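Asks: This one's a deposited entry, sequence included:
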Amino acid sequence: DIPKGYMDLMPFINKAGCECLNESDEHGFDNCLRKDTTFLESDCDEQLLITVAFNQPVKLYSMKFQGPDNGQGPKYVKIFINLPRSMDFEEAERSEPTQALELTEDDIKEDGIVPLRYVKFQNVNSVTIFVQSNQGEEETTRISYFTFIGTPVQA
Amino acid sequence: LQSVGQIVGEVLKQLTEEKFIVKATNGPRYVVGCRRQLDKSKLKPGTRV
Amino acid sequence: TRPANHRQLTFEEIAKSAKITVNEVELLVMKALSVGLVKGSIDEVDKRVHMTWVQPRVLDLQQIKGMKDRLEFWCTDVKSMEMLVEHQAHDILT
Amino acid sequence: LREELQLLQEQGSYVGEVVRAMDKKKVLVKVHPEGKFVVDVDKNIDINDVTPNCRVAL
Amino acid sequence: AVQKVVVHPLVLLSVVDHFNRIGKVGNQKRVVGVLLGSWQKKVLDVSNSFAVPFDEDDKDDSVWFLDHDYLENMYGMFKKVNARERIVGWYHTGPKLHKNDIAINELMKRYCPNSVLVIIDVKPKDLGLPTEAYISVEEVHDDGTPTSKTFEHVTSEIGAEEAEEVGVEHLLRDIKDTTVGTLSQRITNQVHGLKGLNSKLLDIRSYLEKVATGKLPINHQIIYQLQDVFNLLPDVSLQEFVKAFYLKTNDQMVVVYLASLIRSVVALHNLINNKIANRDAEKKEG
Amino acid sequence: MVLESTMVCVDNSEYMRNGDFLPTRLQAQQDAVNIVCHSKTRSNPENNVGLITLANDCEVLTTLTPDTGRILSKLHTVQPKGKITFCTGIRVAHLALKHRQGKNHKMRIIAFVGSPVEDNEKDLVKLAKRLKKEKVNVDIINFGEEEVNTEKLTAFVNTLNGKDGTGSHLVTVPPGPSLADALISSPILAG
Amino acid sequence: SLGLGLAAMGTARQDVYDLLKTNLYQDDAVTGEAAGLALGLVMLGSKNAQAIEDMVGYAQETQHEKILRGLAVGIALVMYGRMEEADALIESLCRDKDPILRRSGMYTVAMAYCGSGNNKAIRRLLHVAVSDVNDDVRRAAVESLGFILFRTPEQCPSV
Amino acid sequence: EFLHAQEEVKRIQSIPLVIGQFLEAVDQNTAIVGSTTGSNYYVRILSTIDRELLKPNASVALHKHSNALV
Amino acid sequence: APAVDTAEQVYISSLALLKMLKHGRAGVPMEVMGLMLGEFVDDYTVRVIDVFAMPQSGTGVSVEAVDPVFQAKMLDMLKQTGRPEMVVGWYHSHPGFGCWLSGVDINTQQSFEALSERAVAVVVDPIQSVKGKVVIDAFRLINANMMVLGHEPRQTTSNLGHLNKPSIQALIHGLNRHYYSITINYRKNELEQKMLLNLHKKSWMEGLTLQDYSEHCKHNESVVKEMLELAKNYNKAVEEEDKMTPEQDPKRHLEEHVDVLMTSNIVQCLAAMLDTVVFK
Amino acid sequence: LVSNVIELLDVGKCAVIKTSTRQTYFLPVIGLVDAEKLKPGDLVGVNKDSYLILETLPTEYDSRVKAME
Amino acid sequence: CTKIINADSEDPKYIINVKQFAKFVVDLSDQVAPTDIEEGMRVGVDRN
Ligand SMILES: [Zn+2]
């Protein structure tokens, strides 16, 4: 897939910065990271907060934020960038995101690629996703596959 | 080590309340101002500075 | 009790109010100035005392409201006259 | 005023006594106290106008 | 202690850059840093600062983090670069003091015994509030009142040394400046002074409103100084000061008349030269 | 074996002014933090350790540093001359962990309570819910006062360990032989 | 992008506008000039609210100055020949802090009042040319006078 | 702008300045000056200086970094 | 082969320029140096957001003056604060030497460019930066193979790269032969400018404070006496105007004194009476 | 850089020297040596940039005293 | 070159008089042994 001139940003992801809050121990953060049927599930409630850092600064164009069809796919996502400190759910709800995202149903499918405002993502070091709600309004949310499409800034 | 040393010269004239014609020894002469806190009254001509 | 409108007070006022003879008002103001309470002066020829005193006190919330009204007068004068100056100098303020 | 300000920030030119106009492009000139050099001549100045023992600017 | 705090126009820029840098995503709205500078038992100047990773929680306004080891490490770097500057105090934006200021000040008191807080307001720069300096004091509240901490205000100035005034001047030189004060700018300054006086008066009146209705407790020294100010007002009646007319008329003559006459005569002479030069050119046209 | 940043929470309240342990309850918690920090550091050489007091305010004397000696030195000169304030202490420790260097480190704090926590159960349970929200493995150890593992602490852990949560093991120390082996048998095996 | 804008000049077709807006959103300095200029060319004289809001917002959001220049000329072109209907936009560009956006405001004055000789436009242009602090804005303000006054060339040297 | 330019011209007359001897006037704005550092320089005369005050061997203060006859 | 455009600019932030000037002066007469942080936005832009000084070493300014420990720790802790900007380039001070790159300067710049092809080597003269003008330039390099082959160092596509002329002092020290000057633009937003404006923003008070009235009268006396002498000179000169066909002015000085008198006295009068009527 | 210490003055002592670049030079602090012997004529090695007496070195000669071996 | 300052491999500095220029106390380059350097011989030295 992916638009011409871009690449999957998987090899540029630094595992030292990755950190997901409210995840069930049985459903690890790597499940959403990996392109398998394995999924990441929130453990406390629907809200989730996943921070991913990169080895080198990168520029994002589109995200593949997809989950299952049972309605537990995300629906409202606040994206913050270059966070100098770990993110708190209270502030994340309060804070103004770099980009707000109302994930329609079609995004959650396997062919769902969500374009991002490339203007605001030109010096991304670490990207934090605050999943505020899910489609089915369940007590928890599942993410089948999450990744980023973009290009390195060639540091 | 934070001191840099200083030229030594002789005050030739009091051009005004601030501008002092000062001749460095064995060198050129300048017009130079004085420090903010100093006894200008004691900056008589010929006073080594 | 006299808010600088009539700072000159005659020795009769002190004599009647303080229930003292007019001969001792000199000594009274004398002591007051000496101890640092007040910083006026005495015109004995016309029997008056100029008063510029720096001893304040507690202010009796109604008195606080009165002083706030005085400040309202002051600030409205300043605002009116800032408006006047701005209107007159509008050509050169640019 | 602006032109004077601009021209007043450029460094002064050394005066010198031209020993002799060596070539049509090089001039041997002695300037005190650096010593003697063989300078070149910019576009404006004509070599034939440069005569020995005349004060020039570098 | 200190009767003046001099803030150079670099800690101002450092604070503004720190605030923007954090507030890209850092919506705490208030950031905390440490300001160094040459110390004096007299007027104290500050010349450099850095920003420490600070966090604050709006709950109870008593849970907070200031990375003291990060403070130590930056101070080590700055000493290596410039040992002349020592830790003087700490700054924070968000012109509304929070509760931690004294508490945080206590933490700064260990790195600097006379640690001065310097609120450097970023956004509101209307009339006269570049920065406000406070110093903690050891007194309960007054002669006869319970205990507290009660930061004290200190006069603050903005001043630069050489090779820093040049940078400020170069970044400036818009249609602004014109250090020579011409008449128009002087009248503008008078208008600005009236505006500032009115703003201060309105602040005092708002405080008096909040006190009269009982919203605020009575501050006795506040009321004492209000009485002092009200008594300090002069009188334009009392026809001995009205003889100020004298000097005003005196002012008039040197200004006005003499100057005008000279200016008018010079302009008239300039008109004669033109009215001559024009007819010279016309006659030549012959 | 596991990357982790631990904010140990030492107690210097006036209720630490006890002789339940032979020299001093404060000294017992002192070598307790010593041995626990040694175990955590030698278990994983890149782990982080920091120090938080809880008397009348929550000083942050030592933040997350892989070094142990400096935290040990800061642990000395502690002067238990205050009164505990648990909720603010855990709040400060949690946000300090939020300021951790490496984001792969599993969040965990070590809290040494030796005084009855004066609070309300509602704030305890809401704080436990918040801490579980951030995936933090708080570890609480009761010392000193005889009301060991109060209902407050029990509810706090259980809500935080909701259905096999992080492992906020509510270990109990005897009022007498609070020896180091009794302080390491349960936690090193499982917090 | 340049060739497409030249070919589609004034057609205001939606497909070409979408393609060029996508290229602009790709946010490259080299392609930004062409994308902005072609956005102006395609939607030329159309007064479109959507195109103008997209272009001004992008000019206020990006960081590549080449894109800024391209978008400046594009914003000018979009409001070509609309006369007083530009006024709002013009003010919104004359007050802007970014000097390139002020230059865009001058170019918009030129394109909007091209040939009308509207004395309000000339007054604004002369005020900017004598007052603004950025030399490029002054230059562009003086340039726009030609577009304003080309219908009465005899009056042009006089000013 | 004229006020700013006058301010800049006045600022160029600040201190320190090197003393030299006004050897010879060349043009209306350029002269040859012998700076007491022992060196002869062809420099530019500042306009505001009184021309009639420019006599040979007169002591003149020159800009430190440009030797302009200040 | 790609060629660096002549329109490329170095956008130095206000804070970066101020820190650079302060550090350069603080080390006079030594040559100080440090690292400039920022980002290479694109092929035609190099943004210097911030610059941190570096400890002075007896080496001077060389590639051995960058202590790896200092640089690494400063970068890490700045990143902690919120400034995760790469090392765009380096700066050092040539006190009184003008702006150029010496052989060792060219050497360290080669070292920096090995890290990243885009990398600037701005230099600042801290003693030539007298109030007003600021003497600072930014150079990258020219590849030797590029120059020997005869091709120009930088492609040109606009007049931006030639609005300013190179200096002779830089040119003799290798400009346009081994390194090229890059135009420098200062990124000053409204907020920073307004903050800097407070340096000489007088007060709300001095707009209302009258001059010392005795001092005012003395100044008036002195200026009026000078104006009298000037009027005598003006009369004398004008009498000559008659017996003189078209062929310092006592008039211009007269006009200047008149203007200073009127501004001073008008301001003093108005301030005095505003004071009379706003203060009771 | 070699220099002849012209003399020592009081201010807790200051010096004035004459370097071999025919230049007199006042030092508020006398470098990194002792400050008692310091004869007015004592040749010293003074730093070449910050101009403080980094070391003291033995006297050169007294002209004719060298003439006789 | 002038007096050797009694080097003995620990004080190899010598004071050298560069002609009408100044005199400086300096040390050796690695390429020359002290046996080749003695008082009163002309020596070529660097400039800083
Ligand atoms: Zn260099």
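Replies: Cool, the structure landed. Numbering: from 1, shown residues only, chains lettered A, B, ... in the order given.

Asks: CA only for contacts and neighbour counts going forward, please
Replies: Noted.

Asks: Do any residues in the helix or strand hosting residue F:92 lie close to chain A?
Replies: Using DSSP states H and E, residue F:92 sits within helix F:86-98. Yes. Using Cα under 8 Å from any Cα of the partner chain, we find that helix F:86-98 touches chain A at residue F:98.

Asks: Indicate whether that helix makes contact with chain E.
Replies: Yes. Residues of helix F:86-98 are located near chain E by Cα under 8 Å from any Cα, namely F:88-89, F:91-92, F:95-96.

Asks: looking at the residues you listed, which has the most residues close by?
Replies: Most neighbours among those, by other Cα atoms under 10 Å in any protein chain shown: residue F:92, with 26 neighbours.

Asks: What separation do you get for that one and chain I?
Replies: 18 Å (Cα to the nearest Cα, to the nearest Å).

Asks: In contact with that residue, which residues?
Replies: Going by Cα atoms under 8 Å, 6 or more residues apart in numbering or on different chains, residue F:92 touches E:63-65, F:58.

Asks: at 7 Å instead, please
Replies: Listed by Cα atoms under 7 Å, 6 or more residues apart in numbering or on different chains, the contact set of residue F:92 reads E:63-65.

Asks: Dump these to TSV, plus distance to chain D.
Replies: Converted to TSV, these look like this (distance: Cα to the nearest Cα, whole Å):
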residue	distance to chain D
E:63	58
E:64	54
E:65	52
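
Asks: Which of those residues sits closest to chain B?
Replies: residue E:65 (36.7 Å; Cα to the nearest Cα).

Asks: so who does the closest one touch?
Replies: E:54-56, F:92, F:96.

Asks: right, and the helix or strand after the host helix or strand of it?
Replies: Using DSSP H and E, residue E:65 sits within strand E:64-66. Proceeding N to C from strand E:64-66, the next assigned helix or strand is helix E:68-81, under DSSP H and E.

Asks: what's the helix or strand for residue E:206?
Replies: Per DSSP H and E: helix E:183-212 holds residue E:206.

Asks: Quick one: list the elements packing against that helix.
Replies: Judged by 3 or more Cα pairs under 7 Å, 6 or more residues apart in numbering or on different chains; DSSP states H and E, helix E:183-212 is in contact with helix C:62-93, helix I:250-278.

Asks: Could you report the neighbour count for residue F:22?
Replies: Residue F:22, neighbours per other Cα under 10 Å, totals 13.

Asks: Give the bridge partners for the most centrally placed residue in chain A, please.
Replies: By Cα atoms, centre = their mean, chain A has its centre lying nearest to residue A:129, at 4.9 Å. Beta-bridge partners recorded for residue A:129 (DSSP bridges): residue A:50, residue A:79.

Asks: Could I get the contacting residues of residue 9?
Replies: In the absence of a named chain, chain A is used. Contacts of residue A:9 (Cα under 7 Å, 6+ apart): A:148-150.

Asks: my bad, the chain I had in mind was chain J
Replies: Residue J:9 touches residue J:15, counting by Cα under 7 Å, 6+ apart.

Asks: That one belongs to a helix, doesn't it?
Replies: No. Counting by DSSP: H, G, I helix; E, B strand; the rest coil, residue J:9 falls outside a helix, being strand.
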